[PDB]
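Novice: Give me a 3D structure for the following:
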Amino acid sequence: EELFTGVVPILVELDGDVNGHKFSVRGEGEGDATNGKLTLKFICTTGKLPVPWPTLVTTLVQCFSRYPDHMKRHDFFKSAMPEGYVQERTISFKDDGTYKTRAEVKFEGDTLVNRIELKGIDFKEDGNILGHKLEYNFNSXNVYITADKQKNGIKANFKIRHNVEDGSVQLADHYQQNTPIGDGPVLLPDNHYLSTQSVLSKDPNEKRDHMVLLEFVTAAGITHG
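Specialist: Numbers count the residues shown, from 1 in each chain. Pasting the structure now:
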């Protein structure tokens, strides 16, 4: 019965901890899955953020992807709602540290809500992350999604290339698992991918450390006939 017909509003709240630097982020926006489009505004609610906003983009809602008319049959993310789903990820940054995230994504009335715990261990103090040496952009990936028979959900891995201010690239190898919150009702997709493209900006008026994030996601990689 998985119904994202509207433009559904979105809350994101993350609580985080990197090398003992506690912090909290809040995101409000809206998303239209019909058009694979979404818009979001993230504020760090503990003053200054201790890492680059781009490292958090993956972590900070794949229910919003456009799945073309013939591919609805393979949209786990939606199928799993409103009960929702759990998205766990381990993100290792080559020659630097690591993130564990665990996050619960679900409806709460009108709103789609993504609540996340993130803990980052052992990052170099003059590293590219801890030292905010990363360009404020985010390059696009086509993420491959594959059914997990056993845990009754999906998994994914991919390497994000973050651009560094000196002209080099910071690898962030992502590994991800999703598992529904409820029991009984979900769609397990044959492999396919999610092309996802992102634009980071700033609000002219916003005093707090923040990110504006526009984002466009469509699914493809099944074809038929």
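Novice: Nearest residue to residue 224 in space, please, no chain neighbours.
Specialist: In space, and not counting its chain neighbours, residue 224 is closest to residue 70: 6.5 Å by Cβ to Cβ, 6 or more residues apart in numbering. C-beta: built from backbone N, CA, C; applies to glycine.
Novice: Is it correct that that neighbour falls within a helix?
Specialist: Yes. Secondary structure of residue 70 (DSSP: H, G, I helix; E, B strand; the rest coil): part of a helix.
Novice: Surely it and residue 225 touch.
Specialist: No. Using Cβ atoms under 8 Å, residue 70 makes no contact with residue 225, being 9.6 Å away.
Novice: Those two - which one has more neighbours?
Specialist: residue 70 (11 against 3; other Cβ atoms under 10 Å).
Novice: now that one: how far from residue 222?
Specialist: Distance of residue 70 to residue 222, computed by Cβ to Cβ, to the nearest Å: 7 Å.
Novice: residue nearest the centroid of this structure?
Specialist: Computing the C-alpha centroid of the chain and ranking residues by Cα atoms, centre = their mean puts residue 58 first, at 3.4 Å.
Novice: so who does the residue nearest to that one when sequence neighbours are not counted touch?
Specialist: Distance criterion Cβ to Cβ, 6+ apart; nearest residue to residue 58, sequence neighbours excluded, is residue 174 at 6.1 Å. Listed by Cβ atoms under 8 Å, 6 or more residues apart in numbering, the contact partners of residue 174 are 58, 89-91, 156-160.
Novice: what do you get for residue 130?
Specialist: Counting by Cβ under 8 Å, 6+ apart, residue 130 touches 18-19, 50-51, 96, 123-124.
Novice: now residue 35
Specialist: Contacts for residue 35 (Cβ under 8 Å, 6+ apart) come out as residue 66.
Novice: Please enumerate the strands of this protein.
Specialist: Using DSSP state E, the strands of the chain run over 8-18, 21-32, 37-44, 85-93, 98-108, 111-121, 141-148, 153-163, 169-180, 192-201, 210-220.
Novice: Format those strands as TSV; extra columns: distance to residue 62.
Specialist: Shown next, in TSV, are these (distance: least, Cβ to Cβ, whole Å):
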stretch	distance to residue 62
strand 8-18	12
strand 21-32	11
strand 37-44	10
strand 85-93	8
strand 98-108	8
strand 111-121	10
strand 141-148	8
strand 153-163	9
strand 169-180	8
strand 192-201	7
strand 210-220	7
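Novice: nearest to residue 65, of those?
Specialist: Nearest to residue 65, of all these, is strand 210-220, at 4.2 Å by Cβ to Cβ.
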